[PDB]
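Read top to bottom, the protein sequences are chains A and B. If you're matching positions, the first sequence starts at 633 in UniProt numbering and goes up one per residue. If you're matching positions, the second sequence starts at 798 in UniProt numbering and goes up one per residue. Each residue gets a CB set at the ideal place from its N, CA and C atoms; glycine is no exception. Scroll down for the structure; my scribbles are underneath it.
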Amino acid sequence: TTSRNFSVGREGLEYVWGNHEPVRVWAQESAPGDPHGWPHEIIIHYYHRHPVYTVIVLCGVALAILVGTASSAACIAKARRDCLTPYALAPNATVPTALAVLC
Amino acid sequence: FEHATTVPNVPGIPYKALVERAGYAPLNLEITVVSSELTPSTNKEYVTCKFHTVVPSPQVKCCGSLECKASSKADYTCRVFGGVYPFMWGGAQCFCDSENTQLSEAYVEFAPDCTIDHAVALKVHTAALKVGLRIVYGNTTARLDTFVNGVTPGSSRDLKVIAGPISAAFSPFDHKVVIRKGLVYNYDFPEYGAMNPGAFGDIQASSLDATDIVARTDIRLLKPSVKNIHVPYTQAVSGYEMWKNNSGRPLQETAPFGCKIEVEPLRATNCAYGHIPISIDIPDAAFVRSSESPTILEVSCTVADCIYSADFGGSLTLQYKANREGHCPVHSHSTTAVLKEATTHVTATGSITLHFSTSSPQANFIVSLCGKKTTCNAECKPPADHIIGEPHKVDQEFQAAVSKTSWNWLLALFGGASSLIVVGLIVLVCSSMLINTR
Ligand SMILES: *[C@@H]1O[C@H](CO)[C@@H](O)[C@H](O)[C@H]1NC(C)=O
């Protein structure tokens, strides 16, 4: 006699032991998926089931947000420099309202 | 009327559907695949079993000559030997000063036990599937059993019902197989007429009791080497016991989807895989006009509590207003959820509960009481117990495990940087013009 582990398949598994008829046993999920109205570490649930397709979402979100932030920073910097197209050392600030936009 | 529907290949999984006809109350239709029967076409190739060598009385020519002669017996062997030394309890069988010679020969034949220890090599092809369907309509149960093909409707009440073909073809059987004592083994048996000593199917025969046999197992005669008359024979071990010792595990422990294999038809049964499209024809008389059907009014739903359970553990309730007594059906057009009972009584202002199951935790969907529809939403929780073999995933997941809260968070995550860049470019060009003014 002893103890034996068995990683049951998601869909189902067979159980043949002794001369008696076998039994079939399947598996489901029990991780804490749904939130409770407050911030929660939901990803862990989706990490326990389907380890694939659950980390790719985080990488995609990070890439999208990084690209958006970089594009916004570059565009605002260029638009500030072009709003400094009033190089215009002779005249005073064309409009100090824009100067507020610049800084 | 004729209706088309697709059903999974699986036993004990009732599927419910409705038929829409103007002026006719929607008719509940329950379809159950009682079992599967995959029967292929096979041909008998030959038989094999433990053999027994033949050791007949040798021929002795005394003080003279003789010549070997072949024999039609399978795996026959013959050889002469001069200078024999014949002795026996009675003594020197015959007398001459070592001039005598003896011819020895041997062959093989299947032992009597083989009669019941026979193992047959089978060649199989063109797996064919037989499906038994039970259909309930209008609280009337009818049955049929049809080949999976989509061209041969079966006969039941003289009703033509067709099913299949399968979405995909599955067959645990391989081209070559063997059957022995009710056990089926997947193996590439040597072709008939090919004899290889120390291998499976060393002895081959068209039939168990065939007089004509062919075999080769490397029998070599040994020269007489002792006082008495004796025929020493050397041969390789029988291949039948060899294959028996290390035949491997049986197919019963290797068939995908747990096919239940039976030997007398050499066919599988109760094995689940794939989808099946089917068309069901129902007599018009079975339908009931909406005029006599109960009329319902101002119905509403309520999810008392639901659990994201693999088994059927979801509960629901409905409250209705009506004017006529009788029975109406109940259905759910959302595939993610499946009900348990198809019809129920109706009262003027009664309310009734329902048992159901779902494959997603977001229990939002549309369900119809009698003819009318109604939306109904709720959220379900995972269960404490997480291993069960009872029917599960009546509907397969459709990437709907994502929650409404998850959708709200994802929407709040993605930002509208495109609008920001567009506005930046617009103000940039405006400023560029303003400065081109100078
Ligand atoms: C089937 O349901 C209809 C609907 O009310 C009912 O009139 C009929 O009696 C039922 N048939 C049986 C056999 O119960």
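Residues near residue i in its chain [Cβ-Cβ closer than 8 Å; skip 5 each side]
| i | result |
| --- | --- |
| B:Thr1171 | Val1096, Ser1097, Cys1098, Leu1115, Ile1163, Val1164 and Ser1165 |
| B:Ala1083 | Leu824, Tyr934, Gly935 and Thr937 |
| B:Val852 | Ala903, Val1028 and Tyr1030 |
| B:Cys891 | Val857, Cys859, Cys860, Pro883 and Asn897 |
| A:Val657 | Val640, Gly644, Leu645 and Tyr647 |
| B:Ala916 | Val844, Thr845, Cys846, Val975, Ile976, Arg977, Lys978 and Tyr1037 |
Test: residue i CB closer than 7 Å to a CB of chain A
| i | result |
| --- | --- |
| B:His1189 | yes |
| B:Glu1176 | yes |
| B:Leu1217 | yes |
| B:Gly1147 | no |
| B:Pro811 | no |
| B:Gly1212 | yes |
| B:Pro805 | no |
| B:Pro969 | no |
| B:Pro1158 | yes |
| B:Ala1134 | no |
| B:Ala1069 | no |
| B:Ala1107 | yes |
Residue i - DSSP class collapsed to helix/strand/coil
| i | result |
| --- | --- |
| B:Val958 | coil |
| A:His672 | coil |
| B:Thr1202 | helix |
| A:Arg712 | helix |
| B:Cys1227 | helix |
| B:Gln890 | coil |
| B:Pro1126 | strand |
| B:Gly879 | strand |
| A:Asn637 | coil |
| B:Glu864 | coil |
| B:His1027 | coil |
| A:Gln660 | coil |
| B:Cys1167 | coil |
| A:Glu653 | coil |
| B:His800 | strand |
| residue 615 of chain A | A query on residue 615 of chain A cannot be resolved here, the shown segment of chain A reaching from 633 to 735 and no further. |
Partners in chain A for residue i, counting only beta-carbon separations shorter than 7 Å
| i | result |
| --- | --- |
| B:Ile1184 | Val640, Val657 and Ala659 |
| B:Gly1221 | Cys707, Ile708 and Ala711 |
Own chain, CB closer than 7 Å to residue i, minus 5 neighbours either side, in chain order
| i | result |
| --- | --- |
| B:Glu1059 | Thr1066 |
| B:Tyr882 | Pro1021 and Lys1024 |
| B:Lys957 | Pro950 and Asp1078 |
Contact list for residue i against chain B, beta-carbon separation under 9 Å
| i | result |
| --- | --- |
| A:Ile674 | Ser1200, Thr1202, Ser1203 and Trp1206 |
| A:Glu646 | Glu1050 and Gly1055 |
| A:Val684 | None at all; the shortest Cβ gap to chain B is about 13 Å. |
Chain B contact for residue i (CB, 7 Å cutoff)
| i | result |
| --- | --- |
| A:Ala702 | no |
| A:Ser635 | no |
| A:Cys735 | no |
| A:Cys707 | yes |
| A:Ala711 | yes |
| A:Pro667 | yes |
Contacts of residue i in chain B (Cβ-Cβ under 7 Å)
| i | result |
| --- | --- |
| A:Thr717 | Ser1228, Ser1229 and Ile1232 |
| A:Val693 | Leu1210 |
Contact set for residue i: own chain, Cβ-Cβ below 6 Å, skip 5 residues either direction
| i | result |
| --- | --- |
| A:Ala725 | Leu731 |
| B:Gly947 | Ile959, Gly961 and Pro962 |
| B:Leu941 | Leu930, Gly951, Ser953 and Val958 |
| A:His677 | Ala663, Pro664 and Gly665 |
| B:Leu1048 | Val981 and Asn983 |
| B:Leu826 | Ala814 and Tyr934 |
Amino acids of chain B, ordered along the chain, whose beta-carbon sits closer than 8 Å to that of residue i
| i | result |
| --- | --- |
| A:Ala663 | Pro1179 |
| A:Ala696 | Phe1211 |
Contacts of residue i in chain A (Cβ-Cβ under 8 Å)
| i | result |
| --- | --- |
| B:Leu1225 | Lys710, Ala711, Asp714 and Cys715 |
Within chain A, partners of residue i - CB distance below 9 Å
| i | result |
| --- | --- |
| B:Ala1065 | By Cβ distance, chain A contributes nothing, its closest Cβ being about 15 Å from B:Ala1065, past 9 Å. |
Contact test: residue i Cβ vs ligand 2 heavy atom, cutoff 6 Å
| i | result |
| --- | --- |
| B:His1142 | As presented, the structure is devoid of ligand 2, carrying ligand 1 as its sole ligands. |
Given 8 Å, three or more beta-carbon pairs between the region 905-918 of chain B and the region 963-970 of chain B: no
Sufficient close CB pairs (3 or more, under 8 Å) joining the region 828-836 of chain B to the region 926-941 of chain B: yes
Three or more C-beta pairs below 8 Å linking the region 979-999 of chain B and the region 802-809 of chain B: no
contact_flag[the region 915-923 of chain B, the region 854-874 of chain B] where n(CB pairs < 8 Å) is 3 or more: no
Any 3 or more C-beta pairs closer than 8 Å across the region 1144-1157 of chain B and the region 1181-1192 of chain B: yes
At least 3 beta-carbon pairs within less than 8 Å: the region 855-863 of chain B vs the region 890-903 of chain B: yes
Segment contact flag, the region 1102-1110 of chain B with the region 1173-1180 of chain B, C-beta cutoff 8 Å, min 3 pairs: yes
Cβ pair count under 8 Å reaching 3, the region 1219-1229 of chain B against the region 700-715 of chain A: Yes: the two stretches touch, three or more of their Cβ pairs being nearer than 8 Å.
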